[PDB]
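Trainee: What follows is the file final32.cif, containing mmCIF, C-alpha atoms and all ligand atoms:
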```cif
data_input
#
loop_
_atom_site.label_atom_id
_atom_site.label_comp_id
_atom_site.auth_asym_id
_atom_site.auth_seq_id
_atom_site.Cartn_x
_atom_site.Cartn_y
_atom_site.Cartn_z
CA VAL A 1 72.67 130.09 102.39
CA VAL A 2 69.07 131.11 101.77
CA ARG A 3 65.62 130.57 103.22
CA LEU A 4 63.41 128.40 101.00
CA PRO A 5 59.77 127.31 101.43
CA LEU A 6 59.51 123.62 102.25
CA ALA A 7 56.64 123.31 99.76
CA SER A 8 59.07 124.19 96.99
CA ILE A 9 61.56 121.39 97.80
CA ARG A 10 60.75 117.89 96.53
CA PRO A 11 62.25 114.72 97.99
CA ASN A 12 65.57 113.28 96.84
CA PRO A 13 64.81 110.70 94.10
CA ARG A 14 68.26 109.13 94.59
CA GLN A 15 67.88 106.38 97.18
CA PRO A 16 70.91 104.11 96.61
CA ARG A 17 70.45 102.39 99.99
CA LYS A 18 66.95 101.26 99.06
CA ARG A 19 68.07 100.35 95.56
CA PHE A 20 70.86 98.18 96.94
CA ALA A 21 68.51 96.39 99.32
CA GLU A 22 66.16 95.53 96.42
CA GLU A 23 69.02 94.37 94.21
CA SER A 24 70.47 92.06 96.84
CA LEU A 25 66.99 90.82 97.81
CA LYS A 26 66.47 89.84 94.17
CA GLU A 27 69.92 88.29 93.88
CA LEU A 28 69.21 86.19 96.99
CA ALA A 29 65.84 85.17 95.55
CA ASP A 30 67.28 84.15 92.17
CA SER A 31 69.82 81.91 93.88
CA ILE A 32 67.30 80.10 96.07
CA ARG A 33 64.96 79.41 93.15
CA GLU A 34 67.66 76.91 92.23
CA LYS A 35 68.84 75.34 95.48
CA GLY A 36 66.02 76.43 97.76
CA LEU A 37 66.49 78.19 101.09
CA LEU A 38 69.99 78.51 102.53
CA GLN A 39 69.56 78.34 106.31
CA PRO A 40 66.39 77.64 108.33
CA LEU A 41 63.82 80.34 109.02
CA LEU A 42 62.78 80.73 112.64
CA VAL A 43 59.05 80.59 113.31
CA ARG A 44 56.49 80.21 116.08
CA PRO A 45 53.03 78.59 116.06
CA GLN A 46 50.13 80.91 115.20
CA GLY A 47 46.50 79.97 114.71
CA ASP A 48 46.23 77.64 111.74
CA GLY A 49 49.90 78.04 110.78
CA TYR A 50 53.00 80.01 111.79
CA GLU A 51 54.43 83.51 112.24
CA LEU A 52 57.96 84.49 111.17
CA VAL A 53 60.23 85.20 114.15
CA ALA A 54 63.63 85.56 112.45
CA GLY A 55 64.98 85.71 108.89
CA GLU A 56 62.83 88.36 107.23
CA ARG A 57 65.01 88.70 104.10
CA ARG A 58 65.41 84.95 103.82
CA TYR A 59 61.60 84.76 104.10
CA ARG A 60 60.86 87.43 101.50
CA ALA A 61 63.42 86.06 99.06
CA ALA A 62 61.75 82.65 99.33
CA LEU A 63 58.47 84.30 98.35
CA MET A 64 60.07 86.05 95.37
CA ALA A 65 61.69 82.75 94.38
CA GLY A 66 58.20 81.28 94.16
CA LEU A 67 58.93 78.39 96.52
CA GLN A 68 55.99 76.38 97.89
CA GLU A 69 57.78 75.02 100.91
CA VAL A 70 60.76 76.05 103.01
CA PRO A 71 62.76 74.52 105.87
CA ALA A 72 61.94 75.93 109.29
CA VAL A 73 62.21 75.54 113.03
CA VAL A 74 59.04 75.84 115.10
CA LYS A 75 59.47 77.17 118.65
CA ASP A 76 56.80 78.13 121.19
CA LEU A 77 57.57 81.76 121.97
CA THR A 78 55.53 84.33 123.87
CA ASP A 79 55.07 87.77 122.30
CA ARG A 80 57.67 89.06 124.73
CA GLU A 81 60.29 86.45 123.71
CA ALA A 82 59.59 87.06 120.03
CA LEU A 83 60.23 90.76 120.52
CA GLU A 84 63.37 90.06 122.52
CA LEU A 85 64.59 87.81 119.70
CA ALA A 86 63.81 90.48 117.10
CA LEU A 87 65.80 93.05 119.05
CA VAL A 88 68.69 90.65 119.61
CA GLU A 89 69.05 89.52 115.98
CA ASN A 90 68.95 93.16 114.99
CA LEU A 91 71.72 94.01 117.47
CA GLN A 92 73.95 91.38 115.84
CA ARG A 93 73.82 92.77 112.30
CA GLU A 94 76.86 94.43 110.72
CA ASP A 95 74.26 97.14 110.07
CA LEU A 96 74.21 98.60 113.61
CA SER A 97 75.05 102.28 114.13
CA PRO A 98 76.02 103.00 117.73
CA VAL A 99 72.76 104.94 118.17
CA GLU A 100 70.59 102.02 117.07
CA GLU A 101 72.74 99.83 119.27
CA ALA A 102 71.81 102.01 122.25
CA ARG A 103 68.08 102.08 121.37
CA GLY A 104 68.12 98.30 121.20
CA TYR A 105 69.70 97.88 124.62
CA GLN A 106 67.23 100.37 126.07
CA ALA A 107 64.30 98.44 124.59
CA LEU A 108 65.59 95.22 126.16
CA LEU A 109 65.86 96.98 129.54
CA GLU A 110 62.29 98.26 129.23
CA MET A 111 61.25 94.66 128.77
CA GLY A 112 62.71 93.78 132.15
CA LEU A 113 66.23 92.64 131.28
CA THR A 114 69.39 93.72 133.04
CA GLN A 115 72.50 95.09 131.37
CA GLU A 116 74.08 91.76 132.34
CA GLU A 117 71.52 89.60 130.52
CA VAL A 118 71.46 92.14 127.68
CA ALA A 119 75.25 92.02 127.47
CA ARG A 120 75.13 88.24 127.58
CA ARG A 121 72.41 87.95 124.96
CA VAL A 122 74.58 90.13 122.71
CA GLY A 123 78.05 89.01 123.77
CA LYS A 124 79.50 92.25 125.13
CA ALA A 125 80.72 93.71 128.42
CA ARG A 126 78.23 95.33 130.78
CA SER A 127 80.28 98.53 130.48
CA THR A 128 79.82 98.49 126.71
CA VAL A 129 76.05 98.43 127.19
CA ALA A 130 76.05 101.16 129.85
CA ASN A 131 78.22 103.38 127.65
CA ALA A 132 75.95 102.93 124.64
CA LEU A 133 72.85 103.82 126.70
CA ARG A 134 74.48 107.12 127.71
CA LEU A 135 74.27 108.27 124.09
CA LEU A 136 70.49 108.46 124.44
CA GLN A 137 70.69 111.57 126.59
CA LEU A 138 72.18 113.54 123.71
CA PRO A 139 69.97 115.91 121.72
CA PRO A 140 68.41 114.43 118.53
CA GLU A 141 70.62 116.50 116.18
CA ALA A 142 73.77 115.21 117.91
CA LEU A 143 72.56 111.63 117.44
CA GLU A 144 71.78 112.36 113.76
CA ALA A 145 75.26 113.76 113.19
CA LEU A 146 76.61 110.54 114.67
CA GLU A 147 74.51 108.38 112.37
CA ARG A 148 75.57 110.50 109.37
CA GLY A 149 79.17 109.88 110.36
CA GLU A 150 79.79 113.63 110.66
CA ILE A 151 81.10 113.06 114.23
CA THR A 152 82.46 110.02 116.09
CA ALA A 153 81.38 108.13 119.19
CA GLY A 154 84.22 110.00 120.84
CA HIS A 155 82.78 113.40 119.92
CA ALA A 156 79.47 112.26 121.35
CA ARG A 157 81.09 111.24 124.64
CA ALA A 158 82.76 114.65 124.81
CA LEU A 159 79.39 116.36 124.26
CA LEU A 160 77.98 114.31 127.16
CA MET A 161 80.53 116.00 129.42
CA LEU A 162 79.10 119.41 128.55
CA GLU A 163 76.06 120.68 130.44
CA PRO A 164 72.79 119.82 128.58
CA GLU A 165 72.10 123.42 127.54
CA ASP A 166 75.53 123.76 125.92
CA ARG A 167 75.49 120.58 123.86
CA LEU A 168 74.02 122.05 120.69
CA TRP A 169 76.56 124.84 120.85
CA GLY A 170 79.29 122.26 121.27
CA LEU A 171 77.99 120.21 118.35
CA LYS A 172 78.14 123.27 116.09
CA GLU A 173 81.71 124.05 117.14
CA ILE A 174 82.79 120.52 116.28
CA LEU A 175 81.05 120.51 112.91
CA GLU A 176 82.05 124.01 111.85
CA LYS A 177 85.71 123.57 112.75
CA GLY A 178 86.25 119.86 112.12
CA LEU A 179 87.40 119.39 115.71
CA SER A 180 89.10 116.19 116.83
CA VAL A 181 87.83 114.33 119.90
CA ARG A 182 90.73 115.75 121.91
CA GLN A 183 89.80 119.32 121.03
CA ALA A 184 86.11 118.55 121.63
CA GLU A 185 87.16 117.66 125.19
CA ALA A 186 88.77 121.10 125.47
CA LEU A 187 85.39 122.69 124.75
CA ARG A 188 84.55 122.40 128.45
CA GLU A 189 85.01 125.87 129.97
CA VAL B 1 64.60 71.55 111.76
CA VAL B 2 61.70 70.55 109.53
CA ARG B 3 60.22 71.47 106.16
CA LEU B 4 56.90 73.30 106.00
CA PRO B 5 54.61 75.06 103.50
CA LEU B 6 55.87 78.60 103.01
CA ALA B 7 52.25 79.67 102.59
CA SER B 8 51.59 78.66 106.19
CA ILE B 9 54.20 81.11 107.53
CA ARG B 10 52.98 84.70 107.86
CA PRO B 11 55.21 87.83 108.02
CA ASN B 12 56.95 88.98 111.19
CA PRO B 13 54.91 91.89 112.66
CA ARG B 14 57.87 92.91 114.83
CA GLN B 15 59.92 95.45 112.89
CA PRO B 16 61.95 97.16 115.66
CA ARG B 17 64.33 98.79 113.16
CA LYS B 18 61.48 100.58 111.34
CA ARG B 19 59.88 101.44 114.67
CA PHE B 20 63.11 103.03 115.91
CA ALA B 21 63.51 105.03 112.68
CA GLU B 22 59.99 106.43 113.11
CA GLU B 23 60.55 107.23 116.79
CA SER B 24 63.82 109.04 116.16
CA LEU B 25 62.29 110.97 113.23
CA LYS B 26 59.62 112.32 115.55
CA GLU B 27 62.06 113.31 118.27
CA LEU B 28 64.14 115.04 115.59
CA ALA B 29 61.00 116.80 114.34
CA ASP B 30 60.10 117.82 117.89
CA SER B 31 63.59 119.22 118.24
CA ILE B 32 63.42 121.15 114.97
CA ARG B 33 60.18 122.79 116.18
CA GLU B 34 62.17 124.32 119.03
CA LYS B 35 65.57 124.87 117.43
CA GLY B 36 65.13 124.87 113.67
CA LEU B 37 67.60 123.10 111.40
CA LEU B 38 71.12 122.68 112.73
CA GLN B 39 72.45 122.49 109.14
CA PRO B 40 70.94 123.88 105.90
CA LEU B 41 69.50 121.45 103.39
CA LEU B 42 71.50 120.96 100.18
CA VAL B 43 69.32 121.37 97.11
CA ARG B 44 69.46 121.92 93.37
CA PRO B 45 67.03 123.60 90.94
CA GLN B 46 64.40 121.20 89.58
CA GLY B 47 61.23 121.90 87.64
CA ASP B 48 59.59 125.02 89.03
CA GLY B 49 61.16 124.51 92.44
CA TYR B 50 64.05 122.62 94.01
CA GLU B 51 65.08 119.05 94.64
CA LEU B 52 66.70 117.69 97.81
CA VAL B 53 70.28 116.51 97.25
CA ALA B 54 71.36 115.70 100.83
CA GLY B 55 69.75 115.54 104.27
CA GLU B 56 66.66 113.38 103.74
CA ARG B 57 65.90 112.87 107.46
CA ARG B 58 66.42 116.51 108.33
CA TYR B 59 64.07 117.32 105.43
CA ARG B 60 61.28 114.93 106.44
CA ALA B 61 61.59 115.91 110.08
CA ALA B 62 61.13 119.56 109.02
CA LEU B 63 57.94 118.62 107.17
CA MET B 64 56.71 116.74 110.26
CA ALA B 65 57.60 119.82 112.33
CA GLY B 66 55.27 121.96 110.24
CA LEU B 67 57.93 124.48 109.23
CA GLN B 68 57.06 126.66 106.24
CA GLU B 69 60.67 127.57 105.45
CA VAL B 70 64.09 126.07 106.08
CA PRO B 71 67.69 127.20 105.58
CA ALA B 72 69.28 125.75 102.46
CA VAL B 73 72.22 125.89 100.09
CA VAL B 74 71.45 125.87 96.38
CA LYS B 75 73.93 124.40 93.93
CA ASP B 76 73.82 123.55 90.24
CA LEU B 77 74.42 119.82 90.16
CA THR B 78 74.05 117.55 87.15
CA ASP B 79 72.20 114.29 87.70
CA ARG B 80 75.61 112.56 87.85
CA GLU B 81 77.08 114.79 90.54
CA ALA B 82 73.88 114.53 92.60
CA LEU B 83 74.00 110.72 92.45
CA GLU B 84 77.70 110.73 93.27
CA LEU B 85 76.98 112.93 96.30
CA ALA B 86 74.14 110.63 97.33
CA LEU B 87 76.43 107.57 97.17
CA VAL B 88 79.25 109.32 99.01
CA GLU B 89 77.03 110.66 101.81
CA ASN B 90 75.60 107.17 102.22
CA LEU B 91 79.12 105.71 102.38
CA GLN B 92 80.04 108.09 105.22
CA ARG B 93 77.22 106.82 107.50
CA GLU B 94 77.75 104.73 110.69
CA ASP B 95 74.97 102.63 109.17
CA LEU B 96 76.76 100.44 106.66
CA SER B 97 77.58 96.80 106.52
CA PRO B 98 80.78 95.99 104.62
CA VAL B 99 78.61 94.61 101.79
CA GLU B 100 76.73 97.91 101.29
CA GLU B 101 80.07 99.68 101.39
CA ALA B 102 81.21 97.44 98.52
CA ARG B 103 78.02 98.06 96.54
CA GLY B 104 78.49 101.78 96.97
CA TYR B 105 82.07 101.64 95.70
CA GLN B 106 81.01 99.56 92.75
CA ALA B 107 78.28 102.06 91.96
CA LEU B 108 80.88 104.85 91.89
CA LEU B 109 83.14 102.80 89.62
CA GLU B 110 80.26 102.23 87.22
CA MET B 111 79.77 106.01 87.05
CA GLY B 112 83.29 106.32 85.66
CA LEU B 113 85.33 106.89 88.79
CA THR B 114 88.56 105.06 89.46
CA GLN B 115 89.28 102.94 92.58
CA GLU B 116 91.79 105.69 93.34
CA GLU B 117 89.13 108.37 92.86
CA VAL B 118 86.63 106.47 94.96
CA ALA B 119 89.20 106.09 97.74
CA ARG B 120 90.04 109.77 97.64
CA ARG B 121 86.35 110.80 97.96
CA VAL B 122 85.49 108.53 100.92
CA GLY B 123 88.75 109.04 102.79
CA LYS B 124 90.07 105.50 102.54
CA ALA B 125 93.02 103.62 101.08
CA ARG B 126 92.75 102.27 97.55
CA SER B 127 93.44 98.79 98.93
CA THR B 128 90.45 99.14 101.27
CA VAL B 129 88.19 99.85 98.30
CA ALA B 130 89.62 96.97 96.23
CA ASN B 131 89.25 94.54 99.14
CA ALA B 132 85.68 95.61 99.76
CA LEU B 133 84.80 95.08 96.08
CA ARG B 134 86.06 91.48 96.27
CA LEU B 135 83.18 90.65 98.63
CA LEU B 136 80.75 91.03 95.73
CA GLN B 137 81.92 87.87 94.01
CA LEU B 138 80.69 85.83 96.97
CA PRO B 139 77.35 84.05 96.52
CA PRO B 140 74.22 85.85 97.85
CA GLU B 141 73.72 83.56 100.85
CA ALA B 142 77.26 84.21 102.08
CA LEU B 143 76.69 87.96 101.88
CA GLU B 144 73.43 87.60 103.85
CA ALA B 145 75.18 85.63 106.56
CA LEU B 146 77.71 88.47 106.72
CA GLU B 147 75.04 91.16 106.92
CA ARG B 148 73.19 89.22 109.63
CA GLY B 149 76.41 89.04 111.60
CA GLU B 150 76.45 85.25 111.42
CA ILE B 151 79.99 85.40 110.00
CA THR B 152 82.76 88.03 109.95
CA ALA B 153 84.59 89.77 107.13
CA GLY B 154 87.41 87.36 107.93
CA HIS B 155 85.17 84.37 107.19
CA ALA B 156 84.09 86.06 103.97
CA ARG B 157 87.72 86.51 102.88
CA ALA B 158 88.42 82.88 103.74
CA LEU B 159 85.52 81.80 101.51
CA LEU B 160 86.98 83.88 98.68
CA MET B 161 90.02 81.60 98.77
CA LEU B 162 87.86 78.59 97.98
CA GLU B 163 86.82 77.77 94.43
CA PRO B 164 83.42 79.25 93.48
CA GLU B 165 81.73 75.80 93.44
CA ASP B 166 82.83 75.18 97.02
CA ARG B 167 81.83 78.45 98.65
CA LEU B 168 78.31 77.43 99.61
CA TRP B 169 79.70 74.25 101.14
CA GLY B 170 82.30 76.28 102.99
CA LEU B 171 79.62 78.64 104.26
CA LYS B 172 77.67 75.71 105.70
CA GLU B 173 80.73 74.36 107.47
CA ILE B 174 81.45 77.70 109.14
CA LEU B 175 77.82 78.08 110.24
CA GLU B 176 77.11 74.40 110.94
CA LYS B 177 80.42 73.43 112.57
CA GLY B 178 80.80 76.91 114.03
CA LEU B 179 84.50 77.17 113.21
CA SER B 180 86.48 80.41 113.48
CA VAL B 181 88.26 82.48 110.82
CA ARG B 182 91.43 80.52 111.57
CA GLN B 183 89.66 77.18 111.16
CA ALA B 184 87.67 78.57 108.22
CA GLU B 185 90.81 79.06 106.13
CA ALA B 186 91.19 75.49 104.87
CO CO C 1 70.07 116.92 112.06
CO CO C 2 85.38 106.77 118.48
CO CO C 3 58.46 96.18 116.99
CO CO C 4 79.69 99.63 111.87
MG MG C 5 60.22 78.63 126.27
#
```
Once you've parsed the file, please lay out its structure as C-alpha cells.

Mentor:
Amino acid sequence: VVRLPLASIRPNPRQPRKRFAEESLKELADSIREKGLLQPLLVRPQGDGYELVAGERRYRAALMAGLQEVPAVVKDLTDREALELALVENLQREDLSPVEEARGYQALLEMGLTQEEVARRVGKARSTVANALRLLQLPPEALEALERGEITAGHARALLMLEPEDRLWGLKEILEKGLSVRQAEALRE
Amino acid sequence: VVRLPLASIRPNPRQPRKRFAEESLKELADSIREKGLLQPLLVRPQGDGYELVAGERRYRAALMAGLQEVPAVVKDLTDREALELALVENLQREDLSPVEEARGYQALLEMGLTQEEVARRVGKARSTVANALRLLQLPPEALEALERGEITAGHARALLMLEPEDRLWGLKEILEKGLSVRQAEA
C-alpha cells in the first residue's frame, strides 16, 4: 500500500456495465425496426405534444430504430404524479440494490406519502419499507460497501446496532476479517 | 392505447436513478474529506502514471473531495486480467439484474474462461452460471420486461420452453393476460 497523487491516476477505461447497456439498447432497437414497439410507452400531454413518463429504454430504442410513430397511452399527470411514477417504476426493476430501494422509499415519503401507500404502490409490507429506510442512517462508506456486495444487508443491520461513532470501526472489522453477520453482531461491546 | 408520432414525444426529464447516484457520490465525497478512503484504490502502471483498476466511485468521490493523494495498491495487470477483474467486481454488486449477470458471465467465457472457472471466480455453482446464460437466447423485448420487473426469472424460463417463433407471443400473453409462472408454462 502506497500514497499516490490523484493527478497521476487516470480513470478506469473498462466500463462493462455501460457497454452492456449500449449493446442491449442496440439489440432492442434492431428488433423493433422490424416489428415496431413491443409494449406501449407511457406519456403525458405537454405543450404542442407529449412528455415521456415511463419506458425510457423503449423510447430511446424506438428512436435508434428510426421509427416515425409509436404506440402510446396519454394520461394527464401533474409533475408530482409523474415523479411518483418515475420513482415507482424504478423501485420495481430487477436492478434495485437495497440502498437505492431505501432512497426511493424516502423520496416517496418526502413527497407526502406514507409507508403504507409506499408499500402498496410497490407491493411490500410496511415493515419492509421501514427496515429499508433505516439503512440511510449508515455512513456513506458502509452503504458503498453494501452496493459493492462486500457486505450484506445483514451486516448493515448489525452496524446499525453499533453507536454511530463506532460504525466505521465496525465496518473495517467486518471487511478485514470477512466476518459473518453473526460475528458482526458480536462486535457490540 | 393509441398510436402517435414519436417526434411529438419528448424525453423524460425525471431521472431519479441518476439523481440518486449524484447525491450519494457527493455524500461519499463529503465523507472522504473527513475520513479519507476506507479502502485503497487498486491501480496498475499506465503511460507516465497509473490507471484505475477497481473502485471507480471511491476514485471520483476522492477527486470531488479535493484530495491530492490517496492510498492505493499497485499491481502489474495485463489488459486481460484488468478486464476480468472489472467484470468480476461488477458481478459481485447488489446492483445487477439477472440479465446483466448473464452478460457478465458470457463476457468471461469469451475471454477464454470456462463455465467452471467463471463459477469459481464469482462464488456460484456451475449450474447457476449455465442457467443464467440461457436467458440470453430470449428475444430483446422479453429481457427488457425482465429488467423492468414486469416478469420474473420464472416467466423467462417458461418462455425458453416455447419455440423461438412463439416467444414474443408468449411474452404478450403473460403481460396482457397477467398470468403467473405456473400459468405461463403452457
Ligand atoms: Co467507499
Ligand atoms: Co442478508
Ligand atoms: Co428526478
Ligand atoms: Co437484487
Ligand atoms: Mg388523475

Trainee: For the contact check between chain A and chain B, emit one row per residue of chain A within 7 Å, containing the shortest atom pair and the distance in Å rounded to one decimal, counting only C-alpha atoms, chain then rising number order, as a Markdown table.

Mentor:
```
| residue | atom | partner | partner_atom | distance |
| --- | --- | --- | --- | --- |
| A:1 | CA | B:73 | CA | 4.8 |
| A:2 | CA | B:72 | CA | 5.4 |
| A:3 | CA | B:71 | CA | 4.6 |
| A:4 | CA | B:69 | CA | 5.3 |
| A:5 | CA | B:69 | CA | 4.1 |
| A:6 | CA | B:69 | CA | 5.2 |
| A:8 | CA | B:49 | CA | 5.0 |
| A:9 | CA | B:50 | CA | 4.7 |
| A:10 | CA | B:51 | CA | 4.9 |
| A:11 | CA | B:52 | CA | 5.4 |
| A:12 | CA | B:52 | CA | 4.7 |
| A:14 | CA | B:83 | CA | 6.3 |
| A:16 | CA | B:87 | CA | 6.5 |
| A:27 | CA | B:140 | CA | 6.3 |
| A:28 | CA | B:140 | CA | 5.1 |
| A:38 | CA | B:141 | CA | 6.5 |
| A:49 | CA | B:8 | CA | 4.9 |
| A:50 | CA | B:9 | CA | 4.6 |
| A:51 | CA | B:10 | CA | 4.8 |
| A:52 | CA | B:12 | CA | 4.6 |
| A:53 | CA | B:12 | CA | 5.8 |
| A:68 | CA | B:6 | CA | 5.6 |
| A:69 | CA | B:5 | CA | 4.1 |
| A:70 | CA | B:6 | CA | 5.5 |
| A:71 | CA | B:3 | CA | 4.0 |
| A:72 | CA | B:2 | CA | 5.4 |
| A:73 | CA | B:1 | CA | 4.8 |
| A:83 | CA | B:14 | CA | 6.5 |
| A:86 | CA | B:14 | CA | 6.8 |
| A:87 | CA | B:16 | CA | 6.6 |
| A:92 | CA | B:149 | CA | 5.4 |
| A:93 | CA | B:148 | CA | 4.5 |
| A:94 | CA | B:97 | CA | 4.9 |
| A:95 | CA | B:97 | CA | 4.9 |
| A:96 | CA | B:95 | CA | 6.0 |
| A:97 | CA | B:95 | CA | 5.0 |
| A:140 | CA | B:28 | CA | 5.2 |
| A:141 | CA | B:28 | CA | 6.7 |
| A:147 | CA | B:94 | CA | 5.2 |
| A:148 | CA | B:93 | CA | 4.4 |
| A:149 | CA | B:93 | CA | 4.6 |
```

Trainee: Determine, using only C-alpha atoms and all ligand atoms, which residues of chain A have any atom at most 12 Å from an atom of ligand MG 5 (chain C), and tabulate each with its shortest atom pair and distance in Å to one decimal place, rows ordered by chain and then rising number, as a tab-separated table.

Mentor:
```
residue	atom	partner	partner_atom	distance
A:44	CA	C:MG5	MG	11.0
A:74	CA	C:MG5	MG	11.6
A:75	CA	C:MG5	MG	7.8
A:76	CA	C:MG5	MG	6.1
A:77	CA	C:MG5	MG	5.9
A:78	CA	C:MG5	MG	7.8
A:79	CA	C:MG5	MG	11.2
A:80	CA	C:MG5	MG	10.8
A:81	CA	C:MG5	MG	8.2
A:82	CA	C:MG5	MG	10.5
```

Trainee: Give me, please, the distance in Å between atom CA of residue A:175 and atom CA of residue B:78, quoted to one decimal.

Mentor: 26.9 Å

Trainee: So, with only C-alpha atoms and all ligand atoms as the atoms that count, which of A:15, A:100, A:112, A:178 lies closest to ligand CO 4 (chain C)?

Mentor: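 Residue with the minimum atom-to-atom distance to ligand CO 4 (chain C): A:100.
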
Trainee: Kindly give the distance, in Å, that separates atom CA of residue A:29 and atom CA of residue B:132, rounded to a single decimal.

Mentor: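 Going from atom CA of residue A:29 over to atom CA of residue B:132, I get 22.8 Å.
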
Trainee: Neighbours of ligand CO 2 (chain C) within 12 Å, counting all atoms listed in the file, as a PDB file with C-alpha atoms, keeping the file's coordinate frame?

Mentor:
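File out-v2.pdb, as written:
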```pdb
ATOM      1  CA  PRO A  98      76.020 103.000 117.730  1.00  0.00           C
ATOM      2  CA  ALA A 132      75.950 102.930 124.640  1.00  0.00           C
ATOM      3  CA  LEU A 146      76.610 110.540 114.670  1.00  0.00           C
ATOM      4  CA  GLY A 149      79.170 109.880 110.360  1.00  0.00           C
ATOM      5  CA  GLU A 150      79.790 113.630 110.660  1.00  0.00           C
ATOM      6  CA  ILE A 151      81.100 113.060 114.230  1.00  0.00           C
ATOM      7  CA  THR A 152      82.460 110.020 116.090  1.00  0.00           C
ATOM      8  CA  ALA A 153      81.380 108.130 119.190  1.00  0.00           C
ATOM      9  CA  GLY A 154      84.220 110.000 120.840  1.00  0.00           C
ATOM     10  CA  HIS A 155      82.780 113.400 119.920  1.00  0.00           C
ATOM     11  CA  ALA A 156      79.470 112.260 121.350  1.00  0.00           C
ATOM     12  CA  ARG A 157      81.090 111.240 124.640  1.00  0.00           C
ATOM     13  CA  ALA A 158      82.760 114.650 124.810  1.00  0.00           C
ATOM     14  CA  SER A 180      89.100 116.190 116.830  1.00  0.00           C
ATOM     15  CA  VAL A 181      87.830 114.330 119.900  1.00  0.00           C
ATOM     16  CA  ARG A 182      90.730 115.750 121.910  1.00  0.00           C
TER      17      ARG A 182
ATOM     18  CA  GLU B  94      77.750 104.730 110.690  1.00  0.00           C
TER      19      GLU B  94
END
```

Trainee: How many Å lie between atom CA of residue A:144 and atom CO of ligand CO 1 (chain C), rounded to one decimal?

Mentor: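 Rounded to one decimal, the two atoms are 5.2 Å apart.
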
Trainee: Show which residues sit within 10 Å of residue A:138, as a PyMOL selection string. Count only C-alpha atoms, and ignore same-chain residues fewer than 2 positions away.

Mentor: chain A and resi 134-136+140-143+156-157+159-160+164+167-168

Trainee: So, counting only C-alpha atoms and all ligand atoms, which residue among A:185, A:84, A:56, A:110 is closest to ligand CO 3 (chain C)?

Mentor: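 Using only C-alpha atoms and all ligand atoms, the shortest distance to ligand CO 3 (chain C) belongs to A:84.
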
Trainee: When you count all atoms listed in the file, which of these residues is closest to ligand CO 3 (chain C): B:80, B:129, B:88, B:18?

Mentor: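 So, comparing all the options, the nearest one is B:18.
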
Trainee: Using only C-alpha atoms and all ligand atoms, which of the listed residues (B:138, B:110, B:61, B:101) sits closest to ligand CO 4 (chain C)?

Mentor: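 The shortest atom-to-atom distance to ligand CO 4 (chain C) comes from B:101.
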
Trainee: Looking at only C-alpha atoms and all ligand atoms, which of A:130, A:189, A:34, A:101 is the one that sits closest to ligand CO 4 (chain C)?

Mentor: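 Closest to ligand CO 4 (chain C) of all the choices is A:101.
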
Trainee: Select, from A:33, A:172, A:166, A:108, the residue with the minimum atom-to-atom distance to ligand CO 3 (chain C), counting all atoms listed in the file.

Mentor: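 Among the listed residues, the smallest separation from ligand CO 3 (chain C) belongs to A:108.
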
Trainee: What lies within 12 Å of residue A:117 using only C-alpha atoms, ignoring chain neighbours under 3 positions off, as a list in words?

Mentor: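 Final neighbour list, sorted by chain and number: residues 84, 88, 105, 108, 109, 111, 112, 113, 114, 120, 121, 122, 123, 124, 125, 126 and 129 of chain A.
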